[PDB]
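Everything on this sheet refers to the single structure shown next.
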Amino acid sequence: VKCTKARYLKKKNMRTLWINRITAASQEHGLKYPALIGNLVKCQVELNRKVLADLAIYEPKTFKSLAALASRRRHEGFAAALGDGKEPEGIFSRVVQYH
Amino acid sequence: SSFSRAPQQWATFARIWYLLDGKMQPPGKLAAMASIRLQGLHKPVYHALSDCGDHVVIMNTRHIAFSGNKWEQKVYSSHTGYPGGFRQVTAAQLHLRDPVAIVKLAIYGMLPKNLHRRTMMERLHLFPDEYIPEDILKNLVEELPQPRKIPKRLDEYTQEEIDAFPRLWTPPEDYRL
Amino acid sequence: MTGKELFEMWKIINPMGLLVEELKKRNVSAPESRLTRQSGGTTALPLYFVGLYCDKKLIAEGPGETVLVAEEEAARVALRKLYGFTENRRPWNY
Amino acid sequence: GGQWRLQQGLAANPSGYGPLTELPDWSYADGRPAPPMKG
Amino acid sequence: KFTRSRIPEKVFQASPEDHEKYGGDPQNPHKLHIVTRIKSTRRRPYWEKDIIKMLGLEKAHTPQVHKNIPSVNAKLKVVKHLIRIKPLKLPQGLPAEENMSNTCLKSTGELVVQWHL
Amino acid sequence: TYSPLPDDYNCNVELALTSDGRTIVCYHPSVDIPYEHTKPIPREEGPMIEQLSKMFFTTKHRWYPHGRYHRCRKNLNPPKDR
Amino acid sequence: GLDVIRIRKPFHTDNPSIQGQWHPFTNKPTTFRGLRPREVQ
Amino acid sequence: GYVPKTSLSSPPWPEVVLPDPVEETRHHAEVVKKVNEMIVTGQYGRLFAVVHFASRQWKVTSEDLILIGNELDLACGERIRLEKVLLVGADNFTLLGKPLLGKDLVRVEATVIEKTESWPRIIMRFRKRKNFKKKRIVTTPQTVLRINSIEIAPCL
Amino acid sequence: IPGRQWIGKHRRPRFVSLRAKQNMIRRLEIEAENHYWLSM
Amino acid sequence: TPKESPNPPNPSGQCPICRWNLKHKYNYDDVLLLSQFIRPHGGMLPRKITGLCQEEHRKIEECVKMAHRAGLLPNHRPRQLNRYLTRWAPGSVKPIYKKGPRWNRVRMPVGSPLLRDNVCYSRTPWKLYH
RNA sequence: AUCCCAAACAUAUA
RNA sequence: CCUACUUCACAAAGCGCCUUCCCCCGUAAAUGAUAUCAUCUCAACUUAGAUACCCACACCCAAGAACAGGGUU
């Protein structure tokens with residue numbers, strides 16, 4: 001019964017491990033984890049957590065690239081919010097659509 | 001990169017020393033930073049079963065600054081098994097008795113509550129004042145930032161900002177002061 | 001030879017000798033070694049990073065638990081980089 | 001994050017409708033496509 | 001005692017402020033509803049369960065379409081606290097038979113024919 | 001070298017969009033560690049546990065041996081990863 | 001022919017890095033002449 | 001519109017400002033041209049591709065193996081190509097899609113090496129005092145794919 | 001505290017967090033939209 | 001001696017803090033704002049002479065107190081354990097020997113209650129009682 | 001009425 | 001602990017002897033503010049505020065249930 005009921009915990013706490021690892025790398029590059037994954041999903045880079053953690057380990061400066069991209073998007077978002085009126089959108093903030 | 005196998009493993013899992021000033025910092029924030037660093041939750045390689053803890057060295061723990069009135073109010077409780085041994089002591093008293101115990105107990109509370117807590121608390125080093133043994137000082141690598149920004153007082157406010165800050169009211173011609 | 005690194009297949013000893021031999025065959029000075037990163041110098045689990053240099057430019061670095069093993073493995077690293085047999089090489093094209 | 005995805009007119013769940021799930025996931029080497037997914 | 005609920009009809013006299021708030025169109029009112037369940041049938045009385053079995057809403061977050069007749073409105077008006085109903089706007093007319101197997105639905109509430117994968 | 005975030009702690013990475021907008025290209029070269037930032041090479045069964053406890057900084061518990069039951073269950077020929 | 005017993009990793013990436021595996025000094029700066037903190041000379 | 005300097009009148013976060021859009025576009029054009037000449041010449045080495053094949057995301061490189069938890073309707077040793085590549089990277093550059101990358105800028109091949117069924121896994125349900133004791137054996141089917149090559153192409 | 005601590009005259013009243021209130025408001029706004037789309 | 005500068009942005013306000021668009025823009029760390037409302041011996045001036053309002057007078061008084069007990073005006077003594085945001089004077093606060101269970105805890109005050117309407121920048125507000 | 005009982009933290013863009 | 005007294009008499013004992021400590025954080029006194037006088041301070045501000053003990057086979061013993069411990073010059 002434990003061998004059965006443990007598969008759901010397997011998924012649960014492996015996702016927790018990946019979230020912790022990504023938080024470690026993100027803190028290495030100056031960005032908390034909420035900001036990273038949120039503002040990265042706000043650029044249609046639909047990358048899941050397993051690959052992000054595996055990139056934190058086995059590919060450090062492509063992770064640096066993704067973190068820099070996230071910080072860029074965050075700054076563009078804060079600039080847009082600071083826009084008190086009508087403002088052109090940022091350069092990465094643009095949304096690509098598909099039918 | 002492109003190292004050999006064993007040197008690559010040693011590079012990955014090697015453990016880095018960390019100094020951490022403590023002057024005019026609240027014990028809890030030092031405790032939080034030390035808690036994350038001791039158990040390895042700053043390495044992307046983290047895992048509980050890997051034991052990737054990294055050493056930590058706090059200094060100036062005598063100049064810890066609790067917030068509010070926590071010196072008078074916060075009380076730490078201990079009890080030897082012998083009757084009447086329920087003793088509990090304020091923070092000021094425990095600071096005078098042994099001025100490395102507030103930060104020690106904070107880091108002890110935050111760490112995970114398992115049979116790895118003792119290893120992590122052994123890899124913590126706490127030194128009350130700026131002194132530090134040389135065989136430790138020549139192991140250090142990094143100096144983590146001070147969490148609380150120490151608000152400087154009038155004494156180090158140079159005249160440029162004293163007179164640049166606008167005078168905001170007009171006392172009458174005559175006054176005692 | 002897939003996955004097998006170079007020097008697990010080409011069993012040599014005394015790498016820095018072959019390094020200076022190759023760099024002299026290319027008419028360049030014997031490379032000068034320095035200490036890049038150091039963590040835990042006194043304890044029994046140290047990490048020393050030794051970087052070989054070629055007249056103010058760096059051609060490899062390597063980790064070890066002694067400055068000497070670090071020297072040796074940084075030599076192995078540089079020797080790999082020169083011979084175009086690193087781990088980032090283009091995979092064989094089948 | 002999926003509230004932002006909705007205020008931009010996307011499926012809140014990237015495994016919903018979008019490029020990621022609609023398009024085929026493989027093709028024979030020469031180029032002739034392959035029978036679609038049962039999903 | 002607990003009972004059913006009779007909502008006074010004054011709750012359904014939409015104001016002009018409501019009209020300009022949501023995608024209002026009082027005249028030329030919309031034809032269909034797309035309805036999705038967002039709460040559990042359990043911990044809720046039995047007639048709510050029966051209604052949520054009558055309107056096809058078994059699985060949550062699975063959208064189902066219905067008319068805007070006052071009968072179906074009188075059914076929805078007692079499970080309204082378990083459903084999100086959005087108009088099914090049709091910017092281009094409802095599909096023809098040849099291009100019907102190649103249609104799809106967008107989260108904004110629109111049914112669209114131009115869905116090439 | 002653009003530094004909204006101070007891309008100097010580690011190295012510098014440059015971000016850009018292809019002309020249309022459906023691909024993002026980032027350029028990250030391996031920044032090399034400078035020379036003038038470098039340094040030159042410099043050219044008995046209870047006390048046993050206590051000394052190993054101070055040298056490796058682990059606590060005393062793990063150093064005592066374990067019984068036969070906890071040493072026939074150990075795997076002699078474990079699988080080799082990679 | 002391999003035994004049908006459990007499979008631990010869904011992958012066997014024999015060269016699992018292209019960009020340099022992580023050691024604690026990636027992303028950590030360097031200082032003038034290699035001064036560990038609080039030093040003088 | 002003036003405030004004397006104070007610890008909380010200003011925002012603690014350091015207010016950055018974005019670059020000018022036209023110069024920003026010129027910079028972006030320059031760097032993409034640089035990466036384009038790098039790809040055209042042959043600077044790169046090995047390549048890693050983050051791929052979305054058939055359930056979920058795999059980080060894949062040449063020569064390696066990937067275990068999929070379902071059948072794929074393909075004879076043994078029958079070459080295949082994996083569309084839906086959402087990251088491809090080398091030593092010096094990496095390209096991310098938004099979300100995906102066109103079928104011309106990245107080409108990921110593959111082959112099927114073996115088709116197996118997983119080890120016999122157990123589903124047992126149990127409840128106390130109710131004589132509820134269910135047992136079942138499940139054998140999921142699996143197929144293992146050898147990734148062969150990842151060819152990037154200059155089309156940017 | 002007499003027993004069955006969640007009831008009695010000296011019961012312990014639970015606190016209303018901010019995110020619970022935010023969830024209440026989310027459901028309630030959805031209800032307002034339902035009221036509209038059943039109003040025609 | 002202190003005077004009035006020729007550029008008060010918002011002249012004729014509710015109080016000389018409102019005459020500088022400050023009413024919710026000072027903490028205890030603002031040493032000079034307090035120093036402009038202090039005698040040479042630590043205790044601050046009557047509100048009549050300065051012209052301050054009731055609430056802002058109270059706020060500057062409390063800020064002066066917390067600034068003293070933090071050790072931020074050492075040249076204002078009337079002639080060691082280091083704190084900040086010391087609400088109550090340390091001579092009249094007792095230890096918390098009996099802190100209740102989860103649901104009736106007694107917690108150590110921090111900050112001052114006259115600074116709730118300050119600007120807030122982290123989304124989780126100031127947590128006065130700790 | 002055996003022994004207080006989570007360690008902490010007023011502010012980095014929800 | 002056994003010198004005497006006392007049951008007893010290589011000793012164990014009491015009804016017989018000798019030793020027993022450490023200022024231990026509690027109080028008020030002044031100057032003085034918002035509230036210019038006035039007021040001990042949920043304002044700042046000067047003061048009445050522990051040791052000691054232990055540490056390197058066999059035969060007897062003031063050490064011992066066995067094992068331990070002191071002695072064998």
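Residues in the structure tokens are numbered from 1 in each chain, the chains being A, B, ... in the order shown, and ligands are numbered from 1 in the order shown.
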*Could you pull out the residues in region 2-96 of chain E that DSSP calls alpha helix (DSSP H) from the backbone, as a PyMOL selection string?*
chain E and resi 16-21+46-54+70-76
*Give me the residues within 6 Å of region 2-13 of chain K as a ChimeraX atom specification, counting only C-alpha atoms (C1' of nucleotides) and dropping any in the same chain fewer than 5 places off.*
/B:28,77,106,109-110 /H:13 /J:111,121-122,126-128
Compile a residue-level contact table for chain H against chain J at a cut-off of 12 Å, reporting for every qualifying residue the shortest atom pair and its distance in Å to one decimal, with only C-alpha atoms counted, rows ordered by chain and ascending number, as a Markdown table.
```
| residue | atom | partner | partner_atom | distance |
| --- | --- | --- | --- | --- |
| H:1 | CA | J:9 | CA | 6.8 |
| H:2 | CA | J:9 | CA | 6.7 |
| H:3 | CA | J:21 | CA | 6.8 |
| H:4 | CA | J:20 | CA | 8.3 |
| H:5 | CA | J:30 | CA | 9.2 |
| H:6 | CA | J:30 | CA | 6.3 |
| H:7 | CA | J:30 | CA | 6.7 |
| H:8 | CA | J:25 | CA | 6.4 |
| H:9 | CA | J:25 | CA | 5.4 |
| H:10 | CA | J:25 | CA | 9.1 |
| H:11 | CA | J:121 | CA | 7.5 |
| H:12 | CA | J:121 | CA | 8.3 |
| H:13 | CA | J:121 | CA | 9.4 |
```
*asked:* Between CA of residue 43 (chain E) and CA of residue 55 (chain E), what is the distance in Å, rounded to a tenth?
replied: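 That distance, rounded to one decimal, is 18.9 Å.
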*Give as a count of residues only every residue of chain E that touches chain D within 6 Å, counting only C-alpha atoms.*
3
*Using only C-alpha atoms, select each residue of chain A with any atom at most 8 Å away from an atom of chain B, and give the selection as a VMD selection string.*
chain A and resid 17 20 to 25 27 to 28 53 56 to 57
Tell me which protein, DNA and RNA residues are within 12 Å of residue 72 (chain C), counting only C-alpha atoms (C1' of nucleotides), leaving out same-chain ones fewer than 6 positions away, and put them as an mmCIF file with N, CA and C atoms, in the first residue's frame.
```cif
data_model
loop_
_atom_site.group_PDB
_atom_site.id
_atom_site.type_symbol
_atom_site.label_atom_id
_atom_site.label_comp_id
_atom_site.auth_asym_id
_atom_site.auth_seq_id
_atom_site.Cartn_x
_atom_site.Cartn_y
_atom_site.Cartn_z
ATOM 1 N N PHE B 3 37.324 18.707 -17.414
ATOM 2 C CA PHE B 3 38.206 18.108 -16.428
ATOM 3 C C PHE B 3 38.046 16.591 -16.463
ATOM 4 N N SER B 4 38.861 15.901 -15.677
ATOM 5 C CA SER B 4 38.674 14.469 -15.510
ATOM 6 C C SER B 4 37.496 14.202 -14.574
ATOM 7 N N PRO B 7 38.346 14.908 -10.363
ATOM 8 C CA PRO B 7 38.443 16.349 -10.098
ATOM 9 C C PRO B 7 37.148 17.081 -10.368
ATOM 10 N N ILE C 12 49.033 8.160 -20.169
ATOM 11 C CA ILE C 12 50.308 8.849 -20.057
ATOM 12 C C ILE C 12 50.574 9.120 -18.585
ATOM 13 N N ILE C 13 51.800 9.553 -18.302
ATOM 14 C CA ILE C 13 52.204 10.000 -16.977
ATOM 15 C C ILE C 13 52.988 11.292 -17.145
ATOM 16 N N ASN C 14 52.977 12.130 -16.114
ATOM 17 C CA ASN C 14 53.735 13.373 -16.131
ATOM 18 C C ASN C 14 53.221 14.267 -17.255
ATOM 19 N N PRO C 15 51.996 14.780 -17.135
ATOM 20 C CA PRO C 15 51.403 15.554 -18.237
ATOM 21 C C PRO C 15 52.097 16.869 -18.543
ATOM 22 N N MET C 16 52.537 17.620 -17.530
ATOM 23 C CA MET C 16 53.075 18.951 -17.791
ATOM 24 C C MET C 16 54.321 18.878 -18.663
ATOM 25 N N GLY C 17 55.042 17.759 -18.608
ATOM 26 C CA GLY C 17 56.166 17.577 -19.509
ATOM 27 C C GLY C 17 55.740 17.574 -20.964
ATOM 28 N N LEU C 18 54.715 16.785 -21.291
ATOM 29 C CA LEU C 18 54.207 16.784 -22.657
ATOM 30 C C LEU C 18 53.606 18.134 -23.015
ATOM 31 N N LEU C 19 53.061 18.847 -22.026
ATOM 32 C CA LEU C 19 52.537 20.182 -22.299
ATOM 33 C C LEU C 19 53.643 21.119 -22.760
ATOM 34 N N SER C 33 52.101 28.931 -14.025
ATOM 35 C CA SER C 33 50.931 28.475 -13.290
ATOM 36 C C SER C 33 50.685 29.351 -12.071
ATOM 37 N N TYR C 48 41.586 23.477 -4.513
ATOM 38 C CA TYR C 48 42.509 24.410 -5.137
ATOM 39 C C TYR C 48 42.262 24.410 -6.634
ATOM 40 N N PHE C 49 42.127 25.600 -7.207
ATOM 41 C CA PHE C 49 42.039 25.773 -8.649
ATOM 42 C C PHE C 49 43.348 26.358 -9.149
ATOM 43 N N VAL C 50 44.037 25.615 -10.008
ATOM 44 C CA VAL C 50 45.316 26.036 -10.564
ATOM 45 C C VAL C 50 45.093 26.387 -12.020
ATOM 46 N N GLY C 51 45.489 27.596 -12.395
ATOM 47 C CA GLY C 51 45.371 28.056 -13.759
ATOM 48 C C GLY C 51 46.715 28.180 -14.436
ATOM 49 N N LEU C 52 46.904 27.465 -15.538
ATOM 50 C CA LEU C 52 48.078 27.655 -16.370
ATOM 51 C C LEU C 52 47.863 28.910 -17.195
ATOM 52 N N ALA C 60 44.171 27.123 -19.617
ATOM 53 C CA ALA C 60 43.371 26.127 -18.913
ATOM 54 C C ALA C 60 43.435 26.394 -17.420
ATOM 55 N N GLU C 61 42.452 25.850 -16.707
ATOM 56 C CA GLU C 61 42.502 25.759 -15.257
ATOM 57 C C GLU C 61 41.959 24.402 -14.843
ATOM 58 N N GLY C 62 42.235 24.015 -13.601
ATOM 59 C CA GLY C 62 41.808 22.726 -13.109
ATOM 60 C C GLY C 62 41.619 22.669 -11.599
ATOM 61 N N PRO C 63 40.663 21.863 -11.121
ATOM 62 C CA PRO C 63 40.500 21.658 -9.679
ATOM 63 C C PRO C 63 41.267 20.462 -9.131
ATOM 64 N N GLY C 64 41.567 20.545 -7.838
ATOM 65 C CA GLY C 64 42.160 19.424 -7.126
ATOM 66 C C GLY C 64 42.068 19.647 -5.635
ATOM 67 N N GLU C 65 42.557 18.659 -4.880
ATOM 68 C CA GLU C 65 42.679 18.777 -3.429
ATOM 69 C C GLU C 65 44.101 19.075 -2.973
ATOM 70 N N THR C 66 45.043 19.205 -3.901
ATOM 71 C CA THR C 66 46.352 19.765 -3.613
ATOM 72 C C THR C 66 46.697 20.694 -4.762
ATOM 73 N N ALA C 78 44.687 21.612 -20.370
ATOM 74 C CA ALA C 78 45.292 22.378 -21.454
ATOM 75 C C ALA C 78 45.694 21.463 -22.597
ATOM 76 N N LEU C 79 46.222 20.287 -22.267
ATOM 77 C CA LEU C 79 46.659 19.359 -23.298
ATOM 78 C C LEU C 79 45.474 18.850 -24.103
#
```
*Give the residues of chain H that lie within 8 Å of chain D; count only C-alpha atoms, and format the answer as a PyMOL selection string.*
chain H and resi 52-54+79-84+99-100+109
Could those residues be written to a file, using N, CA and C atoms, as a short mmCIF file (atom, residue, chain, number, x, y, z; two decimals), in the first residue's frame?
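Produced file result.cif, reproduced below:
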```
data_model
loop_
_atom_site.label_atom_id
_atom_site.label_comp_id
_atom_site.auth_asym_id
_atom_site.auth_seq_id
_atom_site.Cartn_x
_atom_site.Cartn_y
_atom_site.Cartn_z
N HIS H 52 10.24 18.63 -26.61
CA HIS H 52 8.94 18.39 -25.98
C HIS H 52 8.26 17.13 -26.52
N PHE H 53 9.01 16.05 -26.68
CA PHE H 53 8.50 14.87 -27.38
C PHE H 53 7.51 14.09 -26.54
N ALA H 54 6.25 14.17 -26.94
CA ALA H 54 5.26 13.10 -26.75
C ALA H 54 4.69 12.95 -25.35
N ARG H 79 14.37 5.34 -38.36
CA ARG H 79 14.77 6.70 -38.05
C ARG H 79 13.56 7.62 -37.97
N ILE H 80 13.68 8.65 -37.14
CA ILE H 80 12.57 9.53 -36.77
C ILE H 80 13.16 10.91 -36.52
N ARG H 81 12.31 11.92 -36.59
CA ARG H 81 12.67 13.30 -36.31
C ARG H 81 11.72 13.87 -35.27
N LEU H 82 12.26 14.64 -34.35
CA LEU H 82 11.50 15.22 -33.25
C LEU H 82 11.31 16.70 -33.52
N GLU H 83 10.11 17.09 -33.90
CA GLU H 83 9.75 18.49 -33.96
C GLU H 83 9.56 19.00 -32.54
N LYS H 84 9.10 20.24 -32.40
CA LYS H 84 8.84 20.83 -31.09
C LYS H 84 10.12 20.93 -30.26
N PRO H 99 6.87 29.87 -28.38
CA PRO H 99 7.63 28.87 -27.62
C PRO H 99 8.61 28.04 -28.43
N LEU H 100 8.24 27.67 -29.64
CA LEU H 100 8.98 26.69 -30.42
C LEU H 100 9.93 27.38 -31.39
N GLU H 109 17.21 14.50 -34.92
CA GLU H 109 16.95 13.14 -35.37
C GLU H 109 16.83 12.21 -34.17
#
```
*asked:* as number ranges by chain, please: the residues near region 64-70 of chain H (cut-off 12 Å, only C-alpha atoms (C1' of nucleotides), same-chain neighbours under 6 positions excluded).
replied: C: 2-3, 91; D: 37; F: 82; G: 7-17; H: 47-49, 51-58, 109-119, 139-150
